[PDB]
């Protein structure tokens, strides 16, 4: 049962490869033109196509850089490795796919650049504002000897950095970092405050680490008094904590959703009192650095990925690019499939697959294997195609303007292949009255200076 490679009526080696990854092509030259050309390599070999003429590329995945994951008890010896492998060379056929895998293992503490964006509006009692200050001092005192880095920004009507990352690293003293804070006692411009942090606090000159996890703890006691968008803070993991009587109604709590990351059930936290601020972050802190999540950069438009995750105790979750509830030294893995659509023009592209908050990454160098190697001697104007009327690449003719056929001979389109038996009017007769040649199931009459020959079967001579 002639399958996809044979059926599609292909006219060259390139679109034969473009039919399907399983298709191979024969370029024998010496072969009855109406023989099969695009088929599986086994079927091509089953007929007597010259075995060395067969073109059958195969997609492949080759590991280039495969530093092993670092173990627990790791000194910075050529730095630590948390993603393996780190570079892979992918070669893909037209519309083909190829799987690969990566192990991820959090070897190090986990670098987090955390910003406190705390409400300083007029609604806060002097004690409540102090509870917020002591909350931040508590968090920083509890995390002094970790890879956490802290910045704090008070916002009301205005936005003010009380200290940034370079200030925290330099002093490491929560009391001294916050001693100058004066309660603003004004409005609640949450939109502009989040934009301020995203562009004016998360900056490398001010101590921010470019590969660290960006976290935003927003503490507020009322709805925002400004408006706009926070597109500039899309790359920051944003928690928001609404505290007090102004978030009693579920309506008021829902206004906070657009400020926090998704889903709101994870990143929006509602409290009735400021006393519960100590215990609340204690639980938040457990989900900040306990999750590996794959992040795809520079993925070409013609490429699509699918992920199957093995997330501790061999729970094989199809669809997931993340695993949560991880500890130091745990190892997870992801099976990744990359399918291309057709064949892009730029034949070499790269992209990155990286865990959020990691410097380690997997770079995937892609090359698309679409052309046939028999473009070597493609013989334009070949004597196999009516002398000039066709280019002879890969053992067949690619017909120039006008002409058609196996050899570029049939000129005016026969269209419907039908049969050569439509060249003689009845079963046993010779074709074209013996005054012409059957070309693509249609008679083409012998030319003579003695007179024209016409008719469907070249029966009429005009002397």
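Positions refer to the first chain, counted from 1.
S.K.: Highest mean C-alpha temperature factor of the two stretches 156-164 and 325-333, which is it?
M.R.: 325-333 has the higher mean C-alpha B-factor.
S.K.: So 292-300 or 343-351, which one's hotter by mean CA B-factor in the entry?
M.R.: In the deposited entry, the stretch with the higher C-alpha B-factor mean is 343-351.
S.K.: Among 66, 437, 55, 60, where is the Cα B factor highest in this entry?
M.R.: Answer for 66, 437, 55, 60: 437, with the highest C-alpha B-factor.
S.K.: What third of its chain, lowest, middle or highest, does the C-alpha temperature factor of residue 85 fall into?
M.R.: Lowest third.
S.K.: Using the temperature factors of the C-alpha atoms in this entry, rank residue 253 within its chain: lowest, middle or highest third.
M.R.: Tercile = middle for this residue's CA B-factor.
S.K.: Taking the entry's C-alpha B-factors for this chain, is residue 359 in the lowest, middle or highest third?
M.R.: As the PDB entry reports it, the C-alpha B-factor of residue 359 lands in the middle third of its chain.
S.K.: Splitting the chain's C-alpha B-factors into thirds, which one does residue 259 fall into?
M.R.: Residue 259: CA B-factor falls in the lowest third of its chain.
S.K.: Residue 125: which third of its chain by C-alpha temperature factor?
M.R.: As the PDB entry reports it, the C-alpha B-factor of residue 125 lands in the middle third of its chain.
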